[PDB]
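This report concerns only the one structure given below.
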Amino acid sequence: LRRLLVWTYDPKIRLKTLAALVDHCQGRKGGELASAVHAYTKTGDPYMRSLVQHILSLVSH
Amino acid sequence: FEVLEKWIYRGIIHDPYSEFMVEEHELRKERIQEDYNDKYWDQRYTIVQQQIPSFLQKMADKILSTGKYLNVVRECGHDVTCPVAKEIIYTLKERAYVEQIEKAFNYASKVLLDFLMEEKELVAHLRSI
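Sequence order for the protein chains is F and E.
The numbering of the first sequence is the deposited numbering, which starts it at 364 and goes up by one.
The numbering of the second sequence is the deposited numbering, which starts it at 388 and goes up by one.
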């Protein structure tokens, strides 16, 4: 598709968001870990906002 | 327009990076007294000029006062639920983002006056003056 350059804007933004939570965390346990999923929840784009609005609800059980 | 839906129906903002027109300041410290910040319209709440989108300018001043009345009621009890709470979406070709702001703006001052003239009444101290 000109070698799939539209299929790097549907991925490579999910994976880029999930490479930030996998970069920002460093040995966190407890309440400082639910402050690290919270660290990327306030974003302007609804796309990355809508991914972690679910991840927080999962992790805070 | 989600920081807008918080600040006007309550007295709080939530911007991770400060880009809203209203910004709150803290003047309730240990070394700042209640008789040193005297009235909180003149120092505590300012309006930041260039974070205004300039199509809210017609109501701009008023947007500061709305949540400012509501906040000094919230410090006793934080339920400042309004029947005018509604999702605000920017519309051009229409002025509906004028109607909702004034709708909350009158109700806010009505609630604060009804609270203030009944609890912590202004009749007794002025008679005593």
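Every residue gets a Cβ at the ideal spot worked out from N, C-alpha and C, and that includes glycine.
N-terminal and C-terminal residue of the beta strand (DSSP E) that residue i is part of
i: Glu-411 of chain E; result: 409-411
i: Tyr-432 of chain E; result: 432-434
C-beta atoms of residue i and residue j nearer than 8 Å
i: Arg-377 of chain F; j: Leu-414 of chain F; result: yes
i: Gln-389 of chain F; j: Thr-404 of chain F; result: no
i: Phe-502 of chain E; j: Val-460 of chain E; result: yes
i: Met-446 of chain E; j: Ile-399 of chain E; result: no
i: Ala-397 of chain F; j: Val-422 of chain F; result: yes
i: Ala-402 of chain F; j: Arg-391 of chain F; result: no
i: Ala-511 of chain E; j: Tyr-396 of chain E; result: no
i: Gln-437 of chain E; j: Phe-407 of chain E; result: no
i: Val-409 of chain E; j: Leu-443 of chain E; result: no
i: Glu-506 of chain E; j: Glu-392 of chain E; result: no
i: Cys-463 of chain E; j: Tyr-494 of chain E; result: no
i: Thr-380 of chain F; j: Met-411 of chain F; result: yes
Residue i in three-state terms, based on DSSP
i: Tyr-494 of chain E; result: helix
i: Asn-424 of chain E; result: coil
i: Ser-405 of chain E; result: coil
i: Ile-376 of chain F; result: coil
i: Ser-398 of chain F; result: coil
i: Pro-409 of chain F; result: helix
i: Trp-370 of chain F; result: coil
i: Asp-466 of chain E; result: coil
i: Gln-438 of chain E; result: coil
i: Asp-501 of chain E; result: helix
i: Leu-364 of chain F; result: coil
is_contact[residue i, chain C] using C-beta, thresh 8 Å
i: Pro-440 of chain E; result: In summary, chain C is missing from the structure at hand, where the protein chains are F and E.
Host alpha helix (DSSP H) of residue i (start-end)
i: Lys-455 of chain E; result: 447-461
i: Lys-393 of chain E; result: 390-394
i: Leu-384 of chain F; result: 384-387
i: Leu-509 of chain E; result: 509-515
Cβ-heavy atom distance, residue i to the ligand SAM, below 7 Å
i: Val-435 of chain E; result: Ligands are entirely absent from the displayed structure, and the ligand SAM is therefore not among its contents.
Quick one: any contact between the region 447-456 of chain E and the region 426-437 of chain E, if contact means 3 or more CB pairs under 8 Å?
-> yes
Touching by the beta-carbon criterion (3+ pairs, under 8 Å), the region 417-427 of chain E and the region 472-483 of chain E | no
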